[PDB]
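S.K.: Generate coordinates for the sequence data below:
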Amino acid sequence: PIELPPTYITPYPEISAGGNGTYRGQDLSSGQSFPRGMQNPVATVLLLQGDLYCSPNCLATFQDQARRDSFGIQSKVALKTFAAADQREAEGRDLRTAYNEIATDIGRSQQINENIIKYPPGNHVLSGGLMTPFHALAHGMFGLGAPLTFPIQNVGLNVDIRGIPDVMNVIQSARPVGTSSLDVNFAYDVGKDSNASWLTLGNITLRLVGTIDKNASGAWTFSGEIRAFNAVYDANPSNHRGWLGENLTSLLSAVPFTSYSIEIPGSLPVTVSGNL
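M.R.: Residues are numbered from 1 along each chain as shown. See the structure here:
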């Protein structure tokens, strides 16, 4: 979720409200390629495939597409579409709508090539929803190295302090009846809480900040926040062979990539307690 600041500045400026210029590229020679009233077929397909792509059949479906054209124009455009879509979700928009809006606009394009949809490397943000992992994947190939945000609130963390022994190690160490600073960082396998996000972040470093408070004997209440150190997306497709599978991984390793910095801002407030 996460609202996003009033002046965020989308990477896909609206141009003219509705979708019209928003996504999709420049022209060439010469407004031909196919009859002029006809919807761009690549868009037609995308539209035909929305029920699968905007669902938990997304990966299987995409996998099949990639195989069918060897990561060709259709495959690429769909991928760039997923990104735009996931972006819009992160700007608080129903994904499936956003998608159709995007597919519609590609539909107006008179060309048939891999760039009939723009990928502005700009200021991307990951929703943490369904197409997030593809958004990251997309970014590795098209993003030209330019780092992107993945707000901590969108990762799907759910951190129980009480079951990281290293933290609990620190909490339980000589103390007074009032304050005492806690600022420990620690490894954390986003997979404990989310696999979708783990596909994009693996292990990250989290940081816990606050104080604890002792009473009668006894128990104690740590309240404070968790925060995350920026991660590094490894664009090398051999690093996604788990998730993408042989065929796509192979295809994707002809295509060039640049790794990028994933910034992970925000606080995740946390309160907790334990005892002797």
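
S.K.: Do me a favour and get the backbone dihedrals for the closest residue to residue 275 other than its chain neighbours.
M.R.: Using CB to CB, 6 or more residues apart in numbering and skipping residues adjacent in sequence, the residue nearest residue 275 is residue 219, 4.6 Å away. Bear in mind the C-beta positions are built from the backbone N, C-alpha and C, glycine included. Note on residue 219: its backbone torsions stand at phi -90, psi -170 [degrees, to the nearest 10].

S.K.: bridging residues for residue 219?
M.R.: Residue 219 has these beta-bridge partners by DSSP bridges: residue 215.

S.K.: can you tell me which residues contact it?
M.R.: Applying CB atoms under 8 Å, 6 or more residues apart in numbering to residue 219 gives the contacts 273-276.

S.K.: just residue 79 next, same as before
M.R.: Contacts of residue 79 were listed using CB under 8 Å, 6+ apart, and they are 62, 134, 137-138, 141.

S.K.: between these, which is closest to residue 249?
M.R.: Ranked by distance to residue 249 (CB to CB), these are led by residue 137 at 11.1 Å.

S.K.: show me what contacts that closest one?
M.R.: With contacts defined as CB under 8 Å, 6+ apart, the neighbours of residue 137 are 79, 240, 244.

S.K.: Can you dump the C-alpha atoms of the host helix or strand of the first one in PDB for me?
M.R.: Counting by DSSP states H and E, the element that carries residue 79 is helix 73-90. Coordinates of each C-alpha in helix 73-90 appear next as PDB, following Å, rounded to 0.1, in the frame of the first residue of the first chain:
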ATOM      1  CA  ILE A  73       8.600  -8.400 -29.600                       C
ATOM      2  CA  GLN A  74       5.400  -9.800 -28.000                       C
ATOM      3  CA  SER A  75       7.300 -11.100 -25.000                       C
ATOM      4  CA  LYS A  76       9.200  -7.800 -24.400                       C
ATOM      5  CA  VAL A  77       6.200  -5.600 -24.800                       C
ATOM      6  CA  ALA A  78       4.200  -7.700 -22.300                       C
ATOM      7  CA  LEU A  79       7.100  -7.500 -19.900                       C
ATOM      8  CA  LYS A  80       7.400  -3.700 -20.200                       C
ATOM      9  CA  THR A  81       3.600  -3.600 -19.800                       C
ATOM     10  CA  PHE A  82       3.700  -5.500 -16.500                       C
ATOM     11  CA  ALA A  83       6.100  -2.900 -15.300                       C
ATOM     12  CA  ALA A  84       3.900   0.100 -16.100                       C
ATOM     13  CA  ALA A  85       1.000  -1.900 -14.600                       C
ATOM     14  CA  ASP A  86       2.800  -2.700 -11.400                       C
ATOM     15  CA  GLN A  87       4.000   0.900 -11.200                       C
ATOM     16  CA  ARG A  88       0.500   2.100 -11.400                       C
ATOM     17  CA  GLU A  89      -0.600  -0.300  -8.700                       C
ATOM     18  CA  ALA A  90       2.100   1.300  -6.500                       C
END
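
S.K.: Next SSE downstream of it?
M.R.: Scanning forward in sequence from helix 73-90, with DSSP H and E defining helices and strands, the next element found is helix 95-107.

S.K.: by contact count, what packs against that next one?
M.R.: Of the remaining helices and strands, those touching helix 95-107 by 3 or more CB pairs under 8 Å, 6 or more residues apart in numbering; DSSP states H and E are helix 41-53, helix 73-90.
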